[PDB]
Amino acid sequence: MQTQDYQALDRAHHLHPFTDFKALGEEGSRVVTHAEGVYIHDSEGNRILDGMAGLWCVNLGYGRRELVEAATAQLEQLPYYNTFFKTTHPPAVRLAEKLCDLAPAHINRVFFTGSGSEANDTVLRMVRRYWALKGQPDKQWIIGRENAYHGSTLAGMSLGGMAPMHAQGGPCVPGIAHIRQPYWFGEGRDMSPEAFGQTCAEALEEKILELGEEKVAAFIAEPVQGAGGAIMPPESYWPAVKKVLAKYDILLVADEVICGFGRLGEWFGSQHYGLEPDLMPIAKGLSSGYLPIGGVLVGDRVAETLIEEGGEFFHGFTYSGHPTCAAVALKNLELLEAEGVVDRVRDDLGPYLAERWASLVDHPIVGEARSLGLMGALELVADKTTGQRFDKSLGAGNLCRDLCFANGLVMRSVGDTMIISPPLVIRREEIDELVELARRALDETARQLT
Amino acid sequence: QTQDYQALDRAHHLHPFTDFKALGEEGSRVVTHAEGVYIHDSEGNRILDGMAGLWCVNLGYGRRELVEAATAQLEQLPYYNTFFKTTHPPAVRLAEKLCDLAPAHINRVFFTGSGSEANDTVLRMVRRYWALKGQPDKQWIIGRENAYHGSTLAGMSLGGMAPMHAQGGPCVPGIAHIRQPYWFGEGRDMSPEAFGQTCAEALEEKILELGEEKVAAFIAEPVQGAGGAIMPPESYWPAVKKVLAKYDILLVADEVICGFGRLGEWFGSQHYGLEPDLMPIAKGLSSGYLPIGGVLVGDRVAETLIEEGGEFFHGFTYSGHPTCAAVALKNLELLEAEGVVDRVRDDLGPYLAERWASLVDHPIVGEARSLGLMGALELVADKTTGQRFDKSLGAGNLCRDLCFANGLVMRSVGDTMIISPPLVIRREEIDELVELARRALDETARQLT
Ligand SMILES: *Cc1c(COP(=O)(O)O)cnc(C)c1O
Ligand SMILES: *Cc1c(COP(=O)(O)O)cnc(C)c1O
Ligand SMILES: [Cl-]
C-alpha cells in the first residue's frame, strides 16, 4: 500500500480524535508507520524527531525490547482475565504493589482503569460516594480550573476547563465549578509572578465561599497544565493553595496523567510541589504508552471509608487491570527505576534542556521560554517589548508547528504557545537537534509573518 | 504462592464491582494461565470458562496468531497518536475491515479504549448531532431499566442499574428509562408476543411524554447481557421498529456484548434486522486480548458531523492504539476466515439450545433460554408458580459458587444463571458445561431444602 491508499481508506472509514474531519479529509492524513529511539517515520520515508513522545506518554522511547517481551510473555500465559469475579491475576497484584510503593505516603491502593479519562470518572464517583458515606450528601461540588484538561468522557470533559469541549455534546455532569488558571504570561503580567500565584490560589477560597464549603467535595488540578499549554504555575501558587485547603474539609485530586512517572523530574508532580492528594489519576507514562492502562491511586482517607463503610462499589471496567497491559506497565516502572530515568530527568536531561531551551529567548519572536524536567514551552509574540501577540487570524503557533514538522520535529502548538514533551530517554545530542530544528522553524515562521 | 498473592492483592488492589472488605476477608481467587476454553488458578484448578473472560474471549485462550500480531506491531510501532492529523496502518486497516462487516450505511468508526468510553462517545455524538441539526433541546436519551451501558458517569447514567445510580451521582442529565422486555421476570401475565409489543409501546409513551422534539435517541442492547442474558420476545424488535419509523429519533444499538459472533451474527442488530445510527463496540472486537473499543457511525450521523461540525473536540490518548488495533484486526480476520460466526449460527448455537433445554426438567429450573452462545437459566423454588427462592437465600450466588467448585464459570444475576462461552467451544465441552451445571443445580436444590 502507498501513502495515498492509506489516506483514501482512512478518509473513508476512520474518525480521528480532536479532528476537523472535513478539513483533514481534504488535505490528507499523515501516516506514521514505525519508530525507534526518539524518532518516528511516516509512509513517505520522512524521519521526524518526536518531541512529544507520542502524546506525552512514550517515556522510555520507541523500541524497548523489554516491554515487547513483557507483553509477549503475558499474552502467552494469560492474555486476559477479569478482576470482577472475586478474582485477580499476578500482573495486577505485582503492578499494584510496585505502584503504591512508588506513590507518596498514605496513598496505598489503586483502582485500575483503561485510560486517564476513565480514571477521572472513577475519581468523580469515588469523591461523591465518599462524602455520601460520611453522612454529608450535599458535599458534591468539584472545583476545577479553566483551561484544565481531565479527559474526554462526559465526566472528564465536565471536569476540564476547555470551552470548545464544553460546547459539544453537553449538558455536562452537574456540580462542577471552574476557577482561574495560574497562567502568568497569558493572564498575570499585570502582577509579579509571586503576587499572581497568590491571587490564583485565593480564587479557590473565593469559589469555596461562593458555593459554601459544606457543598464542596473536592478540588481537582493538574500539578502542571499539559494540554492547556505546559503552564507551570508561579512558585507561590501551590504553597498558597495548600494554605487554602488546610482551612476547609475538601479532597485534593492531583491529576497526574501527564506529570506522573518522570516528566517533571519526580515520580509524581505532586511530589515536586509537596502535595498530599487524596486521589491521583494516572495513565500515559504508566506504560510508556506501549499498551493502554490507567488507574486512580487512592489515599488512605478515601480508601478507608469506601472499604469499611461502602460495601460493594458498583464501578469498574471490563479491561480494568488487563493482565497484559499491567505486565507491560510493571516492566516499564521497573526499568524507569532500575535505570534511574527519573533521577536523570531531574539531574541531567532537565537542566540540560533548560540551558539549551533558554538559548531561544533572544529569538525575534520568542517572548518567553520555560521548562521543568522534560516539559517545555515557548511563547510566540509579535512585539517583545510589550509582549503583544501576533493577530489570532495569522495562526503563528500553527504555522510554527507545521514548519517544525516540515523540518523534522514534532512540536505542538496551543494557540501561540509551542510545547515539547520528549521521551525521558532522549540523548543530549538529540536535545541539541531539537532546539536547532526549533530555531530553524522559528526563523522561517518569523520571516513568513513579517 | 496463593496466600502471598492474596495478601499483596488485599493490601493494594481495589477490584471492579467488588465488596472490598468482604473479599479481603475471604481471599481473592488468583487466575494465572489459560488455554482453549479453560482457565487455571494459583491452586492448580482447571475451570471451564463458561463466560469467556467477561463475554469477550471469543476465539478462546491460547491463540498464537493474536500473540504474534501484538508482538509484530509492538516491534514496528507500539504506539502513536491519531490526534496530530495523523493515522497509522493498523487503524486504517481495522477501520476498513470493521466497516465492511457492519450493517448497511455504517461505514465509519471512532476508536476508543472501552465499551464505556464508546457510550460516552455515543452520548456526545448524539447530542452534538442534533445541535448541528438546529435542535439543541432534542437531547433526551431513552434507555431501559436493567440496561448496562458501562461504568463511566455517562455509561452509568445510560444504564438502568439502580445500585449503580445510587453511587457517585448525580447522573448526566436528560436520560429516561423505560421497562425491559424481560418476560420471565416481568411479563408472565401476558403472552410473550403481547408483552413484547407492550414493552415496545412503552417507548412510544415515553417519547410522547417527553415530546418528540426533546427526544434525541433510543439506546438498547439487542439482548441484555449484564442484566441477565434477557432475550426479548420475537415481537419486541419488530414493534420497536414501527415506533422508530413514526418518530425522528436516533437508534443506538449497544453491541459491546452482542458484537462479533455472540448471537450468530457479526452484530446483534443483524439478528433482529435493525438499522442503527450508532453502535458502540468492544469486548469481542479483540477477543479481549488487548483493550479496544469504538463507535460504528452511520452515514446519517457521520455526514452531519463531517460537513457541519468542524472539529469534534473528543477523543482519547489510546484511541486507535496501533498494537490493540493490530490484534483486533487479526481477531476479525480469524473469526471470518475460520467461519466462527457461521458456526455459532448453524452448529454450536443450535446444539447449545438443545442441550441447554435438557435442564428444564430440573427441580429448580423454571426456564432455560439461549440464543447463539448466550444462555440463561431461571432458578425457582416452585415450578408450578414460578416463584423465586427468597432473595435472602441467595439461590443464584449459591449455584454460581457450586458451579465454580465443580469446575465451571457460570454467573448469577440475582437468581438468573448466565453463560457466554468462547465461540470456539466444542460440542463435548458444551456437554460438559451442561453436565457440570446440573451437578451444581442438584447441590443447590439439596442445600436449599
Ligand atoms: C491525557 C489527559 C487525560 C486523559 O487521558 P486519556 O488516556 O486520553 O483518557 C486526563 N488528564 C490529563 C491531565 C491529561 O493530560
Ligand atoms: C461491558 C458493557 C459495556 C462497558 O464496556 P467496558 O469495556 O467494560 O467499559 C457497555 N455496554 C454493554 C452492553 C456492556 O455489556
Ligand atoms: Cl460556579
# chains A, B, ... in the order shown; residues from 1 in each chain; ligands from 1
>>> residues_around(residues="residue 107 in chain A", least_positions_apart="2", cutoff="10 Å", atoms="only C-alpha atoms", output="ChimeraX atom specification")
/A:99-105,109-110,276-280,297-303 /B:12
>>> write_last_selection(atoms="N, CA, C and O atoms", output="PDB file, in the first residue's frame")
ATOM      1  N   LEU A  99       3.291   0.107  42.144  1.00  0.00           N
ATOM      2  CA  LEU A  99       2.762   1.461  42.017  1.00  0.00           C
ATOM      3  C   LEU A  99       2.610   2.127  43.376  1.00  0.00           C
ATOM      4  O   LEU A  99       3.000   3.284  43.565  1.00  0.00           O
ATOM      5  N   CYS A 100       1.997   1.420  44.324  1.00  0.00           N
ATOM      6  CA  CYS A 100       1.756   2.002  45.637  1.00  0.00           C
ATOM      7  C   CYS A 100       3.058   2.216  46.392  1.00  0.00           C
ATOM      8  O   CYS A 100       3.156   3.153  47.193  1.00  0.00           O
ATOM      9  N   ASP A 101       4.069   1.380  46.141  1.00  0.00           N
ATOM     10  CA  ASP A 101       5.376   1.604  46.749  1.00  0.00           C
ATOM     11  C   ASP A 101       6.025   2.878  46.218  1.00  0.00           C
ATOM     12  O   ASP A 101       6.768   3.543  46.951  1.00  0.00           O
ATOM     13  N   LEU A 102       5.741   3.250  44.967  1.00  0.00           N
ATOM     14  CA  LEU A 102       6.286   4.483  44.415  1.00  0.00           C
ATOM     15  C   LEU A 102       5.451   5.700  44.786  1.00  0.00           C
ATOM     16  O   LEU A 102       5.962   6.824  44.738  1.00  0.00           O
ATOM     17  N   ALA A 103       4.193   5.501  45.175  1.00  0.00           N
ATOM     18  CA  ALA A 103       3.317   6.619  45.465  1.00  0.00           C
ATOM     19  C   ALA A 103       3.746   7.311  46.757  1.00  0.00           C
ATOM     20  O   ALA A 103       4.445   6.725  47.587  1.00  0.00           O
ATOM     21  N   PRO A 104       3.331   8.562  46.952  1.00  0.00           N
ATOM     22  CA  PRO A 104       3.620   9.247  48.217  1.00  0.00           C
ATOM     23  C   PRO A 104       3.018   8.515  49.404  1.00  0.00           C
ATOM     24  O   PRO A 104       2.219   7.586  49.270  1.00  0.00           O
ATOM     25  N   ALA A 105       3.399   8.973  50.593  1.00  0.00           N
ATOM     26  CA  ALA A 105       2.897   8.379  51.822  1.00  0.00           C
ATOM     27  C   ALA A 105       1.382   8.520  51.899  1.00  0.00           C
ATOM     28  O   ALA A 105       0.795   9.490  51.412  1.00  0.00           O
ATOM     29  N   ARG A 109      -3.367   2.287  47.766  1.00  0.00           N
ATOM     30  CA  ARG A 109      -4.241   1.431  46.970  1.00  0.00           C
ATOM     31  C   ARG A 109      -4.441   2.034  45.587  1.00  0.00           C
ATOM     32  O   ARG A 109      -4.263   3.236  45.375  1.00  0.00           O
ATOM     33  N   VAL A 110      -4.785   1.173  44.635  1.00  0.00           N
ATOM     34  CA  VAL A 110      -5.027   1.597  43.262  1.00  0.00           C
ATOM     35  C   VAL A 110      -6.267   0.893  42.729  1.00  0.00           C
ATOM     36  O   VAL A 110      -6.493  -0.293  42.993  1.00  0.00           O
ATOM     37  N   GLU A 276      -0.137  16.440  49.119  1.00  0.00           N
ATOM     38  CA  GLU A 276      -0.628  15.143  49.574  1.00  0.00           C
ATOM     39  C   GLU A 276      -2.058  14.993  49.065  1.00  0.00           C
ATOM     40  O   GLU A 276      -3.023  15.294  49.787  1.00  0.00           O
ATOM     41  N   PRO A 277      -2.235  14.576  47.818  1.00  0.00           N
ATOM     42  CA  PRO A 277      -3.589  14.410  47.290  1.00  0.00           C
ATOM     43  C   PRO A 277      -4.284  13.216  47.924  1.00  0.00           C
ATOM     44  O   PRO A 277      -3.662  12.296  48.462  1.00  0.00           O
ATOM     45  N   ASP A 278      -5.607  13.272  47.903  1.00  0.00           N
ATOM     46  CA  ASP A 278      -6.419  12.146  48.330  1.00  0.00           C
ATOM     47  C   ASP A 278      -6.619  11.151  47.202  1.00  0.00           C
ATOM     48  O   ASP A 278      -6.788   9.954  47.458  1.00  0.00           O
ATOM     49  N   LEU A 279      -6.578  11.623  45.960  1.00  0.00           N
ATOM     50  CA  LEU A 279      -6.714  10.768  44.790  1.00  0.00           C
ATOM     51  C   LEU A 279      -5.789  11.281  43.699  1.00  0.00           C
ATOM     52  O   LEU A 279      -5.557  12.481  43.568  1.00  0.00           O
ATOM     53  N   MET A 280      -5.256  10.344  42.900  1.00  0.00           N
ATOM     54  CA  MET A 280      -4.357  10.682  41.804  1.00  0.00           C
ATOM     55  C   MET A 280      -4.677   9.798  40.603  1.00  0.00           C
ATOM     56  O   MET A 280      -4.322   8.608  40.589  1.00  0.00           O
ATOM     57  N   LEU A 297      -4.729   6.221  41.992  1.00  0.00           N
ATOM     58  CA  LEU A 297      -4.065   5.965  43.263  1.00  0.00           C
ATOM     59  C   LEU A 297      -4.917   6.599  44.357  1.00  0.00           C
ATOM     60  O   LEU A 297      -5.213   7.799  44.305  1.00  0.00           O
ATOM     61  N   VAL A 298      -5.309   5.799  45.342  1.00  0.00           N
ATOM     62  CA  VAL A 298      -6.342   6.181  46.300  1.00  0.00           C
ATOM     63  C   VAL A 298      -5.687   6.355  47.660  1.00  0.00           C
ATOM     64  O   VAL A 298      -5.034   5.434  48.169  1.00  0.00           O
ATOM     65  N   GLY A 299      -5.867   7.536  48.251  1.00  0.00           N
ATOM     66  CA  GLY A 299      -5.318   7.797  49.561  1.00  0.00           C
ATOM     67  C   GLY A 299      -6.068   7.064  50.654  1.00  0.00           C
ATOM     68  O   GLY A 299      -7.221   6.655  50.499  1.00  0.00           O
ATOM     69  N   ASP A 300      -5.390   6.919  51.796  1.00  0.00           N
ATOM     70  CA  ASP A 300      -5.938   6.138  52.900  1.00  0.00           C
ATOM     71  C   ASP A 300      -7.278   6.685  53.373  1.00  0.00           C
ATOM     72  O   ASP A 300      -8.160   5.917  53.775  1.00  0.00           O
ATOM     73  N   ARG A 301      -7.439   8.010  53.377  1.00  0.00           N
ATOM     74  CA  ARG A 301      -8.680   8.594  53.880  1.00  0.00           C
ATOM     75  C   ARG A 301      -9.877   8.166  53.039  1.00  0.00           C
ATOM     76  O   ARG A 301     -10.915   7.769  53.580  1.00  0.00           O
ATOM     77  N   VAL A 302      -9.772   8.268  51.712  1.00  0.00           N
ATOM     78  CA  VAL A 302     -10.882   7.838  50.865  1.00  0.00           C
ATOM     79  C   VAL A 302     -11.001   6.318  50.883  1.00  0.00           C
ATOM     80  O   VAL A 302     -12.106   5.767  50.958  1.00  0.00           O
ATOM     81  N   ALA A 303      -9.869   5.615  50.814  1.00  0.00           N
ATOM     82  CA  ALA A 303      -9.904   4.157  50.756  1.00  0.00           C
ATOM     83  C   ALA A 303     -10.590   3.567  51.983  1.00  0.00           C
ATOM     84  O   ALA A 303     -11.387   2.627  51.869  1.00  0.00           O
TER      85      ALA A 303
ATOM     86  N   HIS B  12      -3.358  -3.607  48.308  1.00  0.00           N
ATOM     87  CA  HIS B  12      -3.132  -2.535  47.343  1.00  0.00           C
ATOM     88  C   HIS B  12      -4.125  -2.457  46.190  1.00  0.00           C
ATOM     89  O   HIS B  12      -4.161  -1.414  45.521  1.00  0.00           O
TER      90      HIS B  12
END
>>> residues_near_ligand(ligand="ligand 3", cutoff="9 Å", atoms="only C-alpha atoms and all ligand atoms", output="PyMOL selection string")
chain A and resi 141+143+175-179+207+210-211
>>> closest_atom_pairs(of="chain A", to="ligand 2", cutoff="9 Å", atoms="only C-alpha atoms and all ligand atoms", output="tab-separated table")
residue	atom	partner	partner_atom_place_in_ligand_line	distance
A:114	CA	ligand 2	9 (O)	8.5
A:118	CA	ligand 2	9 (O)	8.8
A:316	CA	ligand 2	8 (O)	6.9
A:317	CA	ligand 2	8 (O)	3.8
A:318	CA	ligand 2	8 (O)	3.6
A:319	CA	ligand 2	7 (O)	6.0
A:320	CA	ligand 2	8 (O)	7.9
>>> closest_residue(among="A:376, A:212, A:193, A:269", to="ligand 1", atoms="only C-alpha atoms and all ligand atoms")
A:269
>>> select_by_dssp(residues="range 121-256 of chain A", states="strand (DSSP E or B)", output="list in words")
residues 141, 142, 143, 144, 145, 176, 177, 178, 179, 216, 217, 218, 219, 220, 221, 225, 231, 251, 252, 253 and 254 of chain A
>>> write_last_selection(atoms="N, CA, C and O atoms", output="PDB file, in the first residue's frame")
ATOM      1  N   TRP A 141     -19.904  19.352  45.062  1.00  0.00           N
ATOM      2  CA  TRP A 141     -19.296  20.194  44.041  1.00  0.00           C
ATOM      3  C   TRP A 141     -17.810  19.901  43.886  1.00  0.00           C
ATOM      4  O   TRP A 141     -17.086  19.720  44.869  1.00  0.00           O
ATOM      5  N   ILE A 142     -17.361  19.849  42.635  1.00  0.00           N
ATOM      6  CA  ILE A 142     -15.951  19.705  42.294  1.00  0.00           C
ATOM      7  C   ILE A 142     -15.493  21.026  41.698  1.00  0.00           C
ATOM      8  O   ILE A 142     -16.139  21.552  40.783  1.00  0.00           O
ATOM      9  N   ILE A 143     -14.396  21.564  42.209  1.00  0.00           N
ATOM     10  CA  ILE A 143     -13.808  22.782  41.666  1.00  0.00           C
ATOM     11  C   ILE A 143     -12.600  22.388  40.826  1.00  0.00           C
ATOM     12  O   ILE A 143     -11.613  21.859  41.348  1.00  0.00           O
ATOM     13  N   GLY A 144     -12.687  22.636  39.518  1.00  0.00           N
ATOM     14  CA  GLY A 144     -11.548  22.585  38.636  1.00  0.00           C
ATOM     15  C   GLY A 144     -11.104  23.975  38.219  1.00  0.00           C
ATOM     16  O   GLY A 144     -11.521  24.990  38.779  1.00  0.00           O
ATOM     17  N   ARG A 145     -10.254  24.008  37.200  1.00  0.00           N
ATOM     18  CA  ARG A 145      -9.720  25.263  36.698  1.00  0.00           C
ATOM     19  C   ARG A 145     -10.023  25.413  35.216  1.00  0.00           C
ATOM     20  O   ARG A 145     -10.090  24.430  34.469  1.00  0.00           O
ATOM     21  N   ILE A 176     -19.948  20.964  38.836  1.00  0.00           N
ATOM     22  CA  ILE A 176     -18.539  21.266  38.589  1.00  0.00           C
ATOM     23  C   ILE A 176     -18.403  22.772  38.408  1.00  0.00           C
ATOM     24  O   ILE A 176     -19.050  23.352  37.526  1.00  0.00           O
ATOM     25  N   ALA A 177     -17.542  23.397  39.206  1.00  0.00           N
ATOM     26  CA  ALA A 177     -17.193  24.802  39.054  1.00  0.00           C
ATOM     27  C   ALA A 177     -15.758  24.927  38.554  1.00  0.00           C
ATOM     28  O   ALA A 177     -14.981  23.969  38.587  1.00  0.00           O
ATOM     29  N   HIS A 178     -15.421  26.117  38.059  1.00  0.00           N
ATOM     30  CA  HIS A 178     -14.103  26.372  37.488  1.00  0.00           C
ATOM     31  C   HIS A 178     -13.570  27.727  37.921  1.00  0.00           C
ATOM     32  O   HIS A 178     -14.265  28.741  37.803  1.00  0.00           O
ATOM     33  N   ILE A 179     -12.343  27.732  38.433  1.00  0.00           N
ATOM     34  CA  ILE A 179     -11.663  28.954  38.832  1.00  0.00           C
ATOM     35  C   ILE A 179     -10.567  29.258  37.813  1.00  0.00           C
ATOM     36  O   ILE A 179     -10.261  28.453  36.932  1.00  0.00           O
ATOM     37  N   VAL A 216     -19.008  21.684  48.952  1.00  0.00           N
ATOM     38  CA  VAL A 216     -17.843  21.417  48.113  1.00  0.00           C
ATOM     39  C   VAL A 216     -17.237  20.077  48.509  1.00  0.00           C
ATOM     40  O   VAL A 216     -16.969  19.828  49.691  1.00  0.00           O
ATOM     41  N   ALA A 217     -17.019  19.217  47.514  1.00  0.00           N
ATOM     42  CA  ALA A 217     -16.465  17.886  47.714  1.00  0.00           C
ATOM     43  C   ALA A 217     -14.968  17.813  47.440  1.00  0.00           C
ATOM     44  O   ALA A 217     -14.254  17.093  48.145  1.00  0.00           O
ATOM     45  N   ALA A 218     -14.466  18.540  46.444  1.00  0.00           N
ATOM     46  CA  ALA A 218     -13.081  18.342  46.043  1.00  0.00           C
ATOM     47  C   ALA A 218     -12.603  19.474  45.149  1.00  0.00           C
ATOM     48  O   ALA A 218     -13.392  20.148  44.480  1.00  0.00           O
ATOM     49  N   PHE A 219     -11.285  19.658  45.150  1.00  0.00           N
ATOM     50  CA  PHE A 219     -10.565  20.497  44.200  1.00  0.00           C
ATOM     51  C   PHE A 219      -9.690  19.590  43.343  1.00  0.00           C
ATOM     52  O   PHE A 219      -8.959  18.748  43.876  1.00  0.00           O
ATOM     53  N   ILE A 220      -9.794  19.732  42.025  1.00  0.00           N
ATOM     54  CA  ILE A 220      -9.046  18.904  41.086  1.00  0.00           C
ATOM     55  C   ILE A 220      -8.150  19.811  40.255  1.00  0.00           C
ATOM     56  O   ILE A 220      -8.597  20.857  39.769  1.00  0.00           O
ATOM     57  N   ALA A 221      -6.891  19.410  40.088  1.00  0.00           N
ATOM     58  CA  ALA A 221      -5.954  20.220  39.326  1.00  0.00           C
ATOM     59  C   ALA A 221      -4.798  19.365  38.830  1.00  0.00           C
ATOM     60  O   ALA A 221      -4.370  18.431  39.511  1.00  0.00           O
ATOM     61  N   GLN A 225      -0.257  22.201  34.055  1.00  0.00           N
ATOM     62  CA  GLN A 225      -1.221  22.006  32.978  1.00  0.00           C
ATOM     63  C   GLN A 225      -0.500  21.591  31.697  1.00  0.00           C
ATOM     64  O   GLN A 225       0.407  22.290  31.232  1.00  0.00           O
ATOM     65  N   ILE A 231       1.804  24.891  31.230  1.00  0.00           N
ATOM     66  CA  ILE A 231       1.772  26.106  32.033  1.00  0.00           C
ATOM     67  C   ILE A 231       2.234  25.739  33.437  1.00  0.00           C
ATOM     68  O   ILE A 231       1.466  25.200  34.238  1.00  0.00           O
ATOM     69  N   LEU A 251     -11.449  17.385  49.537  1.00  0.00           N
ATOM     70  CA  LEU A 251     -10.481  16.448  48.989  1.00  0.00           C
ATOM     71  C   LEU A 251      -9.637  17.125  47.915  1.00  0.00           C
ATOM     72  O   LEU A 251     -10.113  17.987  47.170  1.00  0.00           O
ATOM     73  N   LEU A 252      -8.384  16.693  47.813  1.00  0.00           N
ATOM     74  CA  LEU A 252      -7.471  17.155  46.776  1.00  0.00           C
ATOM     75  C   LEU A 252      -7.276  16.034  45.767  1.00  0.00           C
ATOM     76  O   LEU A 252      -6.845  14.935  46.133  1.00  0.00           O
ATOM     77  N   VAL A 253      -7.591  16.316  44.507  1.00  0.00           N
ATOM     78  CA  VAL A 253      -7.331  15.402  43.401  1.00  0.00           C
ATOM     79  C   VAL A 253      -6.234  16.027  42.548  1.00  0.00           C
ATOM     80  O   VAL A 253      -6.440  17.075  41.924  1.00  0.00           O
ATOM     81  N   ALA A 254      -5.071  15.389  42.521  1.00  0.00           N
ATOM     82  CA  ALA A 254      -3.969  15.793  41.656  1.00  0.00           C
ATOM     83  C   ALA A 254      -4.000  14.898  40.421  1.00  0.00           C
ATOM     84  O   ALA A 254      -3.735  13.694  40.516  1.00  0.00           O
TER      85      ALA A 254
END
>>> residues_near_ligand(ligand="ligand 1", cutoff="7 Å", atoms="only C-alpha atoms and all ligand atoms", output="ChimeraX atom specification")
/A:115-118,120,149-152,222,225-227,255-258,283-284 /B:315-318
>>> residues_around(residues="range 342-344 of chain B", least_positions_apart="5", cutoff="6 Å", atoms="only C-alpha atoms", output="JSON, numbers by chain")
{"B": [264, 349, 372]}
>>> residues_around(residues="residue 171 in chain B", least_positions_apart="3", cutoff="8 Å", atoms="only C-alpha atoms", output="mmCIF file with C-alpha atoms, in the first residue's frame")
data_model
loop_
_atom_site.group_PDB
_atom_site.id
_atom_site.type_symbol
_atom_site.label_atom_id
_atom_site.label_comp_id
_atom_site.auth_asym_id
_atom_site.auth_seq_id
_atom_site.Cartn_x
_atom_site.Cartn_y
_atom_site.Cartn_z
ATOM 1 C CA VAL A 173 -22.173 16.348 34.660
ATOM 2 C CA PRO A 174 -23.743 18.631 37.314
ATOM 3 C CA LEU B 153 -20.574 8.601 34.518
ATOM 4 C CA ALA B 154 -22.215 8.628 31.076
ATOM 5 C CA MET B 156 -23.833 4.517 34.340
ATOM 6 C CA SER B 157 -26.412 7.216 33.581
ATOM 7 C CA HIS B 165 -27.217 5.086 40.014
#
>>> closest_residue(among="B:299, B:442, B:382, B:254", to="chain A", atoms="only C-alpha atoms")
B:299
>>> residues_around(residues="residue 374 in chain A", least_positions_apart="6", cutoff="7 Å", atoms="only C-alpha atoms", output="VMD selection string")
chain A and resid 263 to 264 345 350 421 to 422 424
>>> write_last_selection(atoms="N, CA, C and O atoms", output="PDB file, in the first residue's frame")
ATOM      1  N   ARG A 263       8.122  12.927  34.171  1.00  0.00           N
ATOM      2  CA  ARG A 263       8.032  14.067  33.263  1.00  0.00           C
ATOM      3  C   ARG A 263       8.702  15.310  33.834  1.00  0.00           C
ATOM      4  O   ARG A 263       9.461  15.994  33.138  1.00  0.00           O
ATOM      5  N   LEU A 264       8.449  15.609  35.108  1.00  0.00           N
ATOM      6  CA  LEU A 264       8.954  16.819  35.741  1.00  0.00           C
ATOM      7  C   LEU A 264      10.161  16.563  36.634  1.00  0.00           C
ATOM      8  O   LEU A 264      10.575  17.463  37.370  1.00  0.00           O
ATOM      9  N   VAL A 345      16.215  12.738  34.419  1.00  0.00           N
ATOM     10  CA  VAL A 345      15.472  13.937  34.036  1.00  0.00           C
ATOM     11  C   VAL A 345      15.778  15.069  35.009  1.00  0.00           C
ATOM     12  O   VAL A 345      16.051  16.207  34.608  1.00  0.00           O
ATOM     13  N   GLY A 350      16.922  17.356  32.326  1.00  0.00           N
ATOM     14  CA  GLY A 350      16.119  18.513  32.638  1.00  0.00           C
ATOM     15  C   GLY A 350      16.926  19.795  32.641  1.00  0.00           C
ATOM     16  O   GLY A 350      16.625  20.746  31.913  1.00  0.00           O
ATOM     17  N   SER A 421       7.495  17.668  24.885  1.00  0.00           N
ATOM     18  CA  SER A 421       7.440  16.664  25.942  1.00  0.00           C
ATOM     19  C   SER A 421       8.143  15.410  25.432  1.00  0.00           C
ATOM     20  O   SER A 421       7.488  14.386  25.191  1.00  0.00           O
ATOM     21  N   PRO A 422       9.457  15.452  25.236  1.00  0.00           N
ATOM     22  CA  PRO A 422      10.146  14.348  24.548  1.00  0.00           C
ATOM     23  C   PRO A 422      10.267  13.128  25.440  1.00  0.00           C
ATOM     24  O   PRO A 422      10.027  13.207  26.655  1.00  0.00           O
ATOM     25  N   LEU A 424      11.740  10.480  27.938  1.00  0.00           N
ATOM     26  CA  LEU A 424      12.648  10.740  29.048  1.00  0.00           C
ATOM     27  C   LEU A 424      14.025  10.132  28.829  1.00  0.00           C
ATOM     28  O   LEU A 424      14.946  10.443  29.591  1.00  0.00           O
TER      29      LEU A 424
END
>>> residues_around(residues="residue 185 in chain A", least_positions_apart="4", cutoff="12 Å", atoms="only C-alpha atoms", output="list in words")
residues 181, 189, 190, 191, 192, 193, 196, 197, 229, 230, 231, 232, 233, 234, 367, 368, 369, 370, 377, 378, 379, 380, 381, 386, 387, 388, 389, 416 and 417 of chain A
>>> residues_around(residues="range 56-69 of chain B", least_positions_apart="6", cutoff="8 Å", atoms="only C-alpha atoms", output="number ranges by chain")
A: 72, 75-80; B: 34-38, 257, 261-262, 283-289, 323, 326-327, 330-331, 335, 421-425
>>> atom_distance(atom1="CA of residue 309 in chain B", atom2="CA of residue 170 in chain B")
29.0 Å
